[PDB]
Amino acid sequence: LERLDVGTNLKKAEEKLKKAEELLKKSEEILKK
Amino acid sequence: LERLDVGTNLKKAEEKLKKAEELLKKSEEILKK
Amino acid sequence: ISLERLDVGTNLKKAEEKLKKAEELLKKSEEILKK
Amino acid sequence: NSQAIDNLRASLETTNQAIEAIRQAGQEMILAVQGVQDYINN
Amino acid sequence: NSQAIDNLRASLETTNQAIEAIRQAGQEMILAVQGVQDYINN
Amino acid sequence: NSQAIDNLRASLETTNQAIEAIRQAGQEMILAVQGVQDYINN
């Protein structure tokens, strides 16, 4: 029974949004200081 | 047969993009001043 | 019952176009800051 | 530096244009996924 | 001009809030596509 | 304030990198939805 798996795309998307969260927190911290 | 319903996620995504639209409008009109 | 193929190409083509537009605008933003 | 201020204004306006394009792409992705759901169900 | 600087800071903090909203939209789109996959394989 | 201008430049540079990451996340979402469409059609 073959199956649908777009997991490698969704995982890379999740990784990129996690990286974007860290960069935004860093941007905010640069302005505050 | 089951109905597919990812409406809650798509609804939340729509709301967040509408929030971003209002904030980008605000940013553009501060910067213009 | 659908006998036709699924086609959301109109939406995915527009999404691609907007993300490519964004890529080139971000290069331009980077260029302006360097100069 | 007046010119440094001018350069930031020009860059941030361009950055905001990039974010608008990403926001519009997101709206298209939402339409695409709703299209897949409508096809499966209807 | 201190006022041009204040204005740039206000615009950029608001821009950062817009990007965070788009990032959260992207999280919901991932959940939606995983939902479509799980439905299809079920 | 020169330090205020420096902080704007460093912040905007970092904000541009955050936007690029979200744009890349978007490209991956397009590939994921196209993979769902291909699986359904083929």
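The figures here come from the full heavy-atom set of this structure, side chains too, leaving out hydrogens, waters and symmetry mates. Chain identifiers are assigned alphabetically (A, B, ...) following the order of the sequence lines, protein sequences preceding nucleic acid strands; residue numbering begins at 1 within each chain.
- E:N7 places a side-chain heavy atom less than 4.5 Å from the side chain of D:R9.
- In this structure, the portion of E:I22 lying under 4.5 Å from any heavy atom of chain D is its side chain and not its backbone.
- Contacts between D:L8 and chain E at a heavy-atom distance below 4.5 Å involve backbone atoms as well as side-chain atoms.
- Interface summary for chain E: among D:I19, D:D6, D:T15, the most heavy-atom pairs under 4.5 angstrom belong to D:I19.
- Here CD1 of E:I5 is found 4.0 Å from CD1 of D:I5. Values are rounded to the nearest 0.5 Å.
- Contact of the E:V33 side chain with the D:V36 side chain is not registered, since no non-hydrogen atoms from C-beta on lie closer than 4.5 Å.
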